[PDB]
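Below: the structure, in structure tokens.
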Protein chains: 2
Amino acid sequence: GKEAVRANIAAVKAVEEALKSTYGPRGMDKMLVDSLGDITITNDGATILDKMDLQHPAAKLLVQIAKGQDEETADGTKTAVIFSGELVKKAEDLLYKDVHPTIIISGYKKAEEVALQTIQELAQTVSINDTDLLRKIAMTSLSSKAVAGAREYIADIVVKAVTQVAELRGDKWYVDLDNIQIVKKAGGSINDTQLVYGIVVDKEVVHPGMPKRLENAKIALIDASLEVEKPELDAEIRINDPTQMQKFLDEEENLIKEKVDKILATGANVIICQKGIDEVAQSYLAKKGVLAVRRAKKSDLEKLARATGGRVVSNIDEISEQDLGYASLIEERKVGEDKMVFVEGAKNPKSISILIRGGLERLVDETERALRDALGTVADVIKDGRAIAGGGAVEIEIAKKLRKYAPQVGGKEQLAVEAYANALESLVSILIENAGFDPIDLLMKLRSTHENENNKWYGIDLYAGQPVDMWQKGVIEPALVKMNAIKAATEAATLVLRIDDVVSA
Amino acid sequence: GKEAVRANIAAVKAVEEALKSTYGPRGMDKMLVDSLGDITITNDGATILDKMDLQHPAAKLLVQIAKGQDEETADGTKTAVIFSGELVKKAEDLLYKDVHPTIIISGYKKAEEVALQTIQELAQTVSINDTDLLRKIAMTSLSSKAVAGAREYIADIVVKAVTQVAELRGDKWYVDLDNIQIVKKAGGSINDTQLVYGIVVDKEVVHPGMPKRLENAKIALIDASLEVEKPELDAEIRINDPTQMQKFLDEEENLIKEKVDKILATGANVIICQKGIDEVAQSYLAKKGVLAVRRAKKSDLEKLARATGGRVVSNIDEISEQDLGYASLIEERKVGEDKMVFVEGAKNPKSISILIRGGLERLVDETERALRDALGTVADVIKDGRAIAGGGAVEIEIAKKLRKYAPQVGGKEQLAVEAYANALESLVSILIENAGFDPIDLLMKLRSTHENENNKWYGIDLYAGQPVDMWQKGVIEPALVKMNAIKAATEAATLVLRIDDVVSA
Ligand SMILES: Nc1ncnc2c1ncn2[C@@H]1O[C@H](COP(=O)(O)OP(=O)(O)OP(=O)(O)O)[C@@H](O)[C@H]1O
Ligand SMILES: Nc1ncnc2c1ncn2[C@@H]1O[C@H](COP(=O)(O)OP(=O)(O)OP(=O)(O)O)[C@@H](O)[C@H]1O
Ligand SMILES: [Mg+2]
Ligand SMILES: [Mg+2]
């Protein structure tokens, strides 16, 4: 009976106590000091659970379901855990009062039914042209991150990037993130942030004698070395003769003009590689009038291949007119204090790039995280097409609607249902609390202003501190994330109740 | 802070825990062992708090307001204590939820207001002709007592017994219960209990050769001795002449033949007294044809006085036409092994007696107790005129209506009103508990079956375990006694919250 089941509940309740203080943007920050002295300040639900040395099986079963998803978004995760641990919490008081755990699982199951269908008969249809909407949903992702600069810049780009790549897949829109490169440089400002309609190779040209801008450049993506490897790389030479030395390294020098000539046999305007380009081979490309780039990321040859229509080639005796790329005009421009080659006017319109700049050496990294999550989120908004008002709105409803339902559902099973409703309202209470107001007072002030039907989207505006329409202040969010959180948590929750006993090894 | 308020509350719950298993029908009996080891097995609420020493003021103060009654009939006291302690209990669970007692008091007042008037606007007009109603009110009283042989007999009697005494005073019915005398003899059948239209004197006639019964007979309620008192009683004799001796004790005896002729100077037909009658004066009263009784008790000379219209005569030389009494028939009868005078058909209609018979030496005494609570109660219903459905019915309604009310009334105040409601259902849960069914199950089955107004007088059957109509199974109860309980209980409960700190001399 009561015995081991408490210890389990208790473990769950502890894990809740590790995230409680960090929910929403008035959330506090947890310090994590790494063993080699290195410091990390965070409020990320995952890390705080992932880096935690748990020894309690309950807690490990609960966080595997809570923390992780087999989805691109990393969001709803603090909700998933908080909501898990409150549902378990509120359930404990029913067992104190002697209700069978079997009932409370069925009760939470009937509540889970309704709660879920209550999101569905209420989301609003959002599709591609609802661009004046996606700008807001995006700020709702970026606003709790560290970005100090204007969010409007970043919101505007994120929208165009998703809409650029969107393509009908079975007569409904789909987007793949892989057609978008994200390049970042510290210093400068966020006003220098932009979308390039091309690909950007962050290695400059071989000599400035090469054209500054080339018209209709037939690109050559060469994975193979355009430089010598050293015959002494494995072990020391066995040549004792400088006459033999000469004729060998000459024939090796004539081998790189061969490699060059075997690619210029196809008549490319531009030649880019991921390894060196010899000092005889740089002079040789310069006298032919080609634009060459030396030692670029294997990462970017790839990014230019499926953009310009080209293929990355690892063998000169294999490059053909079929393998070259097409781009209308390739040029080299200066980004901050580094020159970089840009290859605009490529054959794929889905393929684009983003230049993030501004802020410190770690803040620019977290601006790239924020823009990555915002970009994913907006594309998920297109992939699904439902978006609801945040700030507690759909939540309060799932409670009130459930509370009216409860009377009719059954005997003991009532108390259970009524419990699921109260636990959700506990979430909005924790939220109000960390925001800086009295919970019972603000919740009541909302459940009177949320009794009539026309106040459907009413929540509590965190800074104003009083019940208003969240939708009409931009606070809108993905209806499916905040729906699978209810499924993740209620699973985890009910699983804690499912363990009768433990006999271990 | 926490200092006295935990302690006060604590003590109040403890007292509750002493009566809880003794509430209502089927309840368990508590054993009271005096300091001389004298044993009393009981279930009387009062005694159990009266004979017990409480070390806490707060407790002592709660039980005083609950237990106490300034009306002649006392009922509802186990209820008074429980509802009190359950209201204190549910308020502590509010202090936990972080509400101040100034809000719990305001909450409770608003719930108490509504609770009261909900008993007004539901009660039914029961007046003198509603005798089939008073029959119910008698049985609702006698039915949960230890004694139970022939209660229908005693039920019927109560109704007749009171209906006779009820008189219009201030343009509404009053019952002056003091005009009913209650006499008890042990042994014989319990069915032979009866109502007598007169007074009953427990003493026999002085000479059997005196009449068996006189029609339209003038009573002489004589207090003065018709027996001599000898001089050795005061002090040692000082008379040395025996002739004088003789004349003292001769004239003192001739003084009683003097008194007897000076009483019969008013034209008496029967004479009952407080002291004895001299043997010469017995033979004298016998030869006159008088009907005499000797050595009664003064307590009934007065009751038989103002029943037959006489006065109790202290001074024989003051006896007159205005001092004597009229009765339709006085006679001498035998009840079991006891020979007594009966005085049926008195001048005053109100003055009647009840004759208890049957059982053993301790049972017949508990038949007198039961009869008083039953008489009282029916007469209290005549004195008021409002009567409601018993068995939990009015209780569940004062709960339900408050629960539906709460949403609309305010913030914190909601929680108090709701709690107050939860305390009233608690009362019936205890009641249900002691019959042996599951509280939550049967409680829920009421809260679903009791929405329709055709089930207003629904309650819970404690011998068949299922919600039924109480009214139509004869469980009706006095509407003001279960209302004044509420005023006590709410007062008392709020009185315990009202104490902040305490100083001891
Ligand atoms: N101005 C605001 N007023 C009220 N509520 C707000 C406001 N801005 C944000 N919110 C709410 O705060 C909630 C909490 O967000 P958060 O993203 O921290 O929860 P989470 O998704 O569980 O955590 P994570 O995103 O790290 O997984 C949002 O879902 C949103 O509805
Ligand atoms: N036959 C019955 N069926 C249902 N309930 C009954 C029956 N007889 C009495 N009751 C209920 O029992 C309840 C409480 O009983 P009880 O009289 O012991 O408590 P109390 O009146 O608070 O204590 P006390 O009478 O000693 O002051 C009453 O309100 C009455 O409705
Ligand atoms: Mg989130
Ligand atoms: Mg009673």
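So basically every Cβ, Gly included, is an ideal-geometry build from the backbone, and we count neighbours across all protein chains shown. The values are calculated or read from the model by the stated rules, or taken from the named source; no laboratory instrument gave them.
Going through the stretch B:464-480 one residue at a time, which ones are surrounded by 21 or more Cβ atoms within 10 Å (Cβ to Cβ) and β-branched (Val, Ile, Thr)? B:475, B:476 - these are the residues of the stretch B:464-480 that are surrounded by 21 or more Cβ atoms within 10 Å (Cβ to Cβ) and β-branched (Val, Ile, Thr).
When residue B:426 is tested against (1) more than 14 Å from every other protein chain (Cβ to nearest Cβ); (2) touching a residue at least 60 places away in the same chain (Cβ under 8 Å), only condition (1) is not met.
The set of residues in the stretch A:105-127 being in a loop (DSSP other than H, G, I, E, B) and either surrounded by 15 or more Cβ atoms within 10 Å (Cβ to Cβ) or in contact with a helix residue (DSSP H, G or I) (Cβ under 6 Å, 6 or more places away or on another chain) (or both) consists of A:122, A:123, A:126. Per this entry, residue A:394 is not counted among residues that are within 16 Å of ligand 3 (Cβ to nearest atom), hydrophobic (A, V, I, L, M, F, W, C), buried (at least 22 other Cβ atoms within 10 Å of the Cβ) and free of Cβ contacts under 8 Å to residues at least 40 places away in the same chain.
Only one of the numbered conditions (1) within 14 Å of chain B (Cβ to nearest Cβ); (2) within 21 Å of residue A:140 (Cβ to Cβ); (3) touching a strand residue (DSSP E or B) at 6+ places or on another chain (Cβ under 6 Å) is violated by residue A:449, and that is (2). State whether one or more residues within the stretch B:85-94 are within 30 Å of residue B:362 (Cβ to Cβ), in contact (Cβ under 8 Å) with a residue 60 or more places away in the chain, buried (at least 16 other Cβ atoms within 10 Å of the Cβ) and hydrophobic (A, V, I, L, M, F, W, C). No, the conditions are met nowhere in the stretch B:85-94. Applying the criterion of being aliphatic (A, V, I, L, M) and within 13 Å of chain A (Cβ to nearest Cβ) to the residues of the stretch B:397-410, the residue that is surrounded by the most Cβ atoms within 10 Å (Cβ to Cβ) is B:406.
Looking for something over 26 Å from residue A:170 (Cα atoms) and not assigned by CATH to the domain that holds residue A:213 - is there at least one such residue anywhere in the stretch A:382-390? Yes, that holds for at least one residue. Within the stretch B:313-327, identify whether any single residue is more than 28 Å from residue B:350 (Cα to Cα), surrounded by 13 or more Cβ atoms within 10 Å (Cβ to Cβ) and of a type in the set (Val, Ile, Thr), and answer yes or no. Yes, the stretch B:313-327 contains at least one residue that is more than 28 Å from residue B:350 (Cα to Cα), surrounded by 13 or more Cβ atoms within 10 Å (Cβ to Cβ) and of a type in the set (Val, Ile, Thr). Would you call residue A:97 surrounded by fewer than 22 Cβ atoms within 10 Å (Cβ to Cβ), within 14 Å of chain B (Cβ to nearest Cβ) and away from ligand 4 (no atom under 16 Å from the Cβ)? Taking the combined requirement at face value, the residue satisfies it.
Within the stretch A:155-166, none of the residues are touching a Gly at 6+ places or on another chain (Cβ under 6 Å) and within 16 Å of ligand 1 (Cβ to nearest atom). Examine the stretch B:245-261 for a residue that is in the same structural domain as residue B:205 (by CATH), in contact (Cβ under 8 Å) with a residue 40 or more places away in the chain and in a strand (DSSP E or B), and state whether such a residue exists. No, the stretch B:245-261 contains no residue that is in the same structural domain as residue B:205 (by CATH), in contact (Cβ under 8 Å) with a residue 40 or more places away in the chain and in a strand (DSSP E or B). Checking each residue in the stretch A:49-76 for being within 15 Å of ligand 1 (Cβ to nearest atom) and within 17 Å of residue A:88 (Cα to Cα) picks out A:63, A:65, A:66, A:67. Tell me yes or no: at least one residue of the stretch A:314-324 is under 31 Å from the mean Cα position of the chain (by Cα), in contact (Cβ under 8 Å) with a residue 60 or more places away in the chain and closer than 24 Å to residue A:223 by Cα. The answer is no, given that none of the residues of the stretch A:314-324 is under 31 Å from the mean Cα position of the chain (by Cα), in contact (Cβ under 8 Å) with a residue 60 or more places away in the chain and closer than 24 Å to residue A:223 by Cα. Looking only at the stretch A:140-169, residues that are more than 16 Å from residue A:130 (Cβ to Cβ) and among the acidic types (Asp, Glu) come to 2 in all. Residues that are assigned to a helix (DSSP H, G or I), more than 14 Å from every other protein chain (Cβ to nearest Cβ) and either buried (at least 22 other Cβ atoms within 10 Å of the Cβ) or in contact (Cβ under 8 Å) with a residue 40 or more places away in the chain (or both) do not occur anywhere in the stretch B:452-463. None of A:477, A:491 is away from chain B (no Cβ under 14 Å) and not in a helix (DSSP H, G or I) except A:477. Figure legend. Inter-residue proximity from the stretch B:480-496: first residues in the same structural domain as residue B:9 (by CATH), second residues among the charged types (D, E, K, R), beta-carbon distance below 6 Å, spacing 6+ or different chains. Indicated pairs: B:480/B:384; B:481/B:75; B:490/B:112. Does residue A:79 satisfy the criteria of being under 18 Å from residue A:395 (Cα atoms), more than 16 Å from ligand 2 (Cβ to nearest atom) and among the β-branched types (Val, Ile, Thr)? Yes; evaluated as a whole, the condition is true for this residue.
Picking from residues in the stretch B:121-157 that are without any contact (Cβ under 8 Å) to a residue 12 or more places away in the chain and under 21 Å from residue B:171 (Cβ atoms), the one that is farthest from ligand 3 (Cβ to nearest atom) is B:129. The residues of the stretch A:333-353 that are under 20 Å from residue A:264 (Cβ atoms) and assigned to a strand (DSSP E or B) amount to a single one, A:341. Please find, within the stretch A:65-84, the residue that is nearest to ligand 3 (Cβ to nearest atom) out of those that are among the small types (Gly, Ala, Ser) and within 23 Å of the chain's Cα centre (by Cα). Once the filter is applied, the top-ranked residue is A:76.
None of B:62, B:32, B:36, B:87 is more than 16 Å from ligand 3 (Cβ to nearest atom), in contact with a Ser or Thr (Cβ under 9 Å, 6 or more places away or on another chain) and over 27 Å from residue B:418 (Cβ atoms) except B:32. Annotation: of all residues in the stretch B:39-56 being surrounded by 15 or more Cβ atoms within 10 Å (Cβ to Cβ) and either over 25 Å from the mean Cα position of the chain (by Cα) or of a type in the set (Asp, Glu) (or both), the one that is nearest to ligand 3 (Cβ to nearest atom) is B:56.
If the requirement is being polar (S, T, N, Q), farther than 18 Å from residue A:488 by Cβ and either away from ligand 2 (no atom under 16 Å from the Cβ) or not assigned by CATH to the domain that holds residue A:417 (or both), which of these qualifies: A:21, A:84? Working first, answer last.
Working: A:84 fails: farther than 18 Å from residue A:488 by Cβ.
Among A:21, A:84, only A:21 is polar (S, T, N, Q), farther than 18 Å from residue A:488 by Cβ and either away from ligand 2 (no atom under 16 Å from the Cβ) or not assigned by CATH to the domain that holds residue A:417 (or both).
Restricting attention to the stretch B:433-446, the residues that are assigned to a helix (DSSP H, G or I), within 26 Å of residue B:19 (Cα to Cα) and within 12 Å of chain A (Cβ to nearest Cβ) add up to 7. Do we find that residue B:146 is outside any helix (DSSP H, G or I) and not β-branched (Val, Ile, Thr) in this structure? So residue B:146 passes the test.
Using the structure shown, decide if residue B:413 is within 14 Å of another protein chain (Cβ to nearest Cβ) and crowded, with 17+ Cβ neighbours inside 10 Å. Taking the combined requirement at face value, the residue satisfies it.
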